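Student: Enclosed are the sequence and the experimentally obtained structure.
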Amino acid sequence: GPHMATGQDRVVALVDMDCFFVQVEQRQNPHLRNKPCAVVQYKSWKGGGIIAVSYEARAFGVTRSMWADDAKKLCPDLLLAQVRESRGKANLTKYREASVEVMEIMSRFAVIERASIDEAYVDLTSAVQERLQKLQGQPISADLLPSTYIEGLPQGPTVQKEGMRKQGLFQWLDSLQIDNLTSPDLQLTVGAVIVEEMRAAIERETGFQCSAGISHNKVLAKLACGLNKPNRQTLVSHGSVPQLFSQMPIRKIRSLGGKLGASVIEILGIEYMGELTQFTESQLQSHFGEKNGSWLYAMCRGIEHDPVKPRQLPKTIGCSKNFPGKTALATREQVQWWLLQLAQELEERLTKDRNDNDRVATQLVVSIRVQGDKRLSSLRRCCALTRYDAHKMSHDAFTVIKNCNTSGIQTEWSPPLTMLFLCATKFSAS
DNA sequence: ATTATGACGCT
DNA sequence: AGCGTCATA
Ligand SMILES: [Mn+2]
Ligand SMILES: [Mn+2]
Ligand SMILES: [Mn+2]
């Protein structure tokens, strides 16, 4: 009863850009706005690979990972923007720079954790306490939440989508006790008010729309964010969790979309997150290990303690290229040419990073894949990174991998290389 | 022949 | 240190 931790101590948001690389290209090229369109890398092989898709194009069934030639079969009028190519490879600089635009705006409101190129977690607990003090126990008006869904509402004793949103929001706000500054539901609501402001700032200052989730932890905030994309935000309260989880496939929860989630389903003979509540913590630990078991036990009750890490910048800067099928690198000079191309992009990004962020990478990680290997990476070796020079980095990379060559002929390379990856790691202040 | 990333956990 | 997992556009 009185000692059951409820995991309602924090207010956490997750902000995720809608169709992000597409919006970056649509801002640049107004002809692409409000159209079925997609972003593609390369073009020669089946029209290129799609990596982002506008919501107009999704309506035709176009998805990420689709070849553009195939997407065009579903959507003949699909418009395409190509990722820039530099030094023989796709170059993602435009999208990394657009990401920085958004992250810098979010950072004005609170400490953020950069979770991907297009999303960040926000810990809003302190900002909420401050805003609550400003509001002086005044009610929260629906006008302050013009794009917010309250998950699970409306409920109980209109056929339009926006009408339903407002009905649910009205029920929520009608119920709210605004007279205690410690009610978790109130805290989430004020959190949502701040996120409306954040999302308005992002759109005003960049042109980009986004969605967001507001809840008491990172996992629920991420889940919430996806519930009403695009261009909307969703509040998932502690109380909404039992109904939400009762039909929520386990794989939808962050970190359970892969092998672990599959094992939870198979070993326990269940389908939905809520079904986990019927196991003891020790039972879950017995199957999934101490850490995962404890995590699952709390998470299926809506509780998670993983903090929003204060980290706005990526921890690594990496460059990679696949050499699929016939193009696999079979000669030494081929290997060295591509190592140089990768190293040159890496030096460019590293030098920019050093100037912008007052830090230096100290370790170079070199990874390759060999033809036939099921795994994404066949081999990872590290060496010192002492100077930002592409020629040195590419020479050093070759040194740590050259013994992988099984060829008696040193001119030839065996087995052919299907992937090269260079990654600068272990930053230190400079 | 989705590709090009990035973070974290295990041993 | 090197490997594996899970996630992103
Ligand atoms: Mn997104
Ligand atoms: Mn995202
Ligand atoms: Mn996505």
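Tutor: Arrived safely, thanks for sending. Residues are numbered from 1 along each chain as shown, chains lettered A, B, ... in the order given. Ligands and ions are numbered 1, 2, ... in the order given.
Student: interface residues of the stretch 1-150 of chain A facing ligand 1?
Tutor: Selection of the stretch 1-150 of chain A residues close to ligand 1 by C-beta under 5 Å from the ion yields A:16-17, A:20, A:118. Heads up, the C-betas are built off the backbone N, CA and C, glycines and all.
Student: what would the residues you listed look like in JSON lines with neighbour count?
Tutor: Output for those, formatted as JSON lines (neighbours: other C-beta atoms under 10 Å):
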{"residue": "A:16", "neighbour count": "20"}
{"residue": "A:17", "neighbour count": "25"}
{"residue": "A:20", "neighbour count": "22"}
{"residue": "A:118", "neighbour count": "23"}
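Student: So which of these are in helices?
Tutor: Judged by DSSP state H, helices contain the following of those: residue A:20.
Student: Greatest separation within the residues of the stretch 1-150 of chain A next to ligand 1: which pair is it?
Tutor: Longest distance between any two of these is 8.2 Å, between A:16 and A:20; criterion C-beta to C-beta.
Student: Now do the residue lying closest to residue A:88 once chain neighbours are set aside against residue A:117, distance only.
Tutor: Of all residues not flanking residue A:88 in the chain, residue A:341 sits nearest, at 5.3 Å (C-beta to C-beta, 6 or more residues apart in numbering). Distance from residue A:341 to residue A:117, counting by C-beta to C-beta, to the nearest Å: 22 Å.
Student: Name the residues of the longest helix along chain A that are buried.
Tutor: Ranked by number of residues, the top helix in chain A under DSSP H is helix A:332-357. By neighbour count with 16 or more other C-beta atoms under 10 Å, helix A:332-357 contains the buried residues A:332, A:334-336, A:338-350, A:353.
Student: just stretch A:5-14 next, same as before
Tutor: Buried residues in stretch A:5-14, counting neighbours by 16+ other C-beta under 10 Å, are found at A:7-8, A:10-14.
Student: Dump that stretch to PDB, restricted to CA.
Tutor: Provided in PDB are the C-alpha atoms of stretch A:5-14 (Å, rounded to 0.1, in the frame of the first residue of the first chain):
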ATOM      1  CA  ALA A   5       6.800   2.800  -5.400                       C
ATOM      2  CA  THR A   6       4.600   4.000  -8.300                       C
ATOM      3  CA  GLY A   7       7.300   5.400 -10.600                       C
ATOM      4  CA  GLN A   8       5.600   8.700 -10.800                       C
ATOM      5  CA  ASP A   9       8.400  10.900  -9.500                       C
ATOM      6  CA  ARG A  10       9.500  12.300 -12.900                       C
ATOM      7  CA  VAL A  11       8.000  13.900 -15.900                       C
ATOM      8  CA  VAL A  12       9.800  12.700 -19.100                       C
ATOM      9  CA  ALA A  13       9.100  13.600 -22.700                       C
ATOM     10  CA  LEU A  14      10.300  12.100 -26.000                       C
END
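Student: tell me how far that stretch is from the chain's mean position?
Tutor: 20 Å (C-alpha atoms, centre = their mean, to the nearest Å).
Student: now stretch A:364-379
Tutor: Counting by C-alpha atoms, centre = their mean, stretch A:364-379 comes out at 24 Å from the chain centroid.
Student: mind checking the end-to-end distance for that stretch?
Tutor: 14 Å (C-alpha to C-alpha, to the nearest Å).
Student: And the contacts of it?
Tutor: For stretch A:364-379, contacts defined as C-beta atoms under 8 Å, 6 or more residues apart in numbering pick out A:318, A:320, A:322, A:328, A:380-385, A:393, A:396-397, A:400-401, A:404, A:415-425.
Student: Which PyMOL command selects the buried ones in those residues?
Tutor: Those of these that count as buried under 16+ other C-beta under 10 Å are selected in PyMOL with:
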select buried, chain A and resi 318+320+328+385+393+396+397+400+401+404+415+416+417+418+419+420+421+422+423+424
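Student: Next, residue A:372: secondary structure please.
Tutor: Each residue gets one of three states, and residue A:372 gets coil by DSSP: H, G, I helix; E, B strand; the rest coil.
Student: Any residues of the stretch 301-430 of chain A in contact with DNA strand B? List them.
Tutor: Listed as neighbours of DNA strand B in the stretch 301-430 of chain A under the rule C-beta under 7 Å from any atom of the strand: A:309, A:314-322, A:324-327, A:345, A:376, A:419, A:421, A:423.
Student: switch to 6 Å and redo it
Tutor: Residues of the stretch 301-430 of chain A found near DNA strand B (C-beta under 6 Å from any atom of the strand) are A:309, A:314-322, A:324-327.
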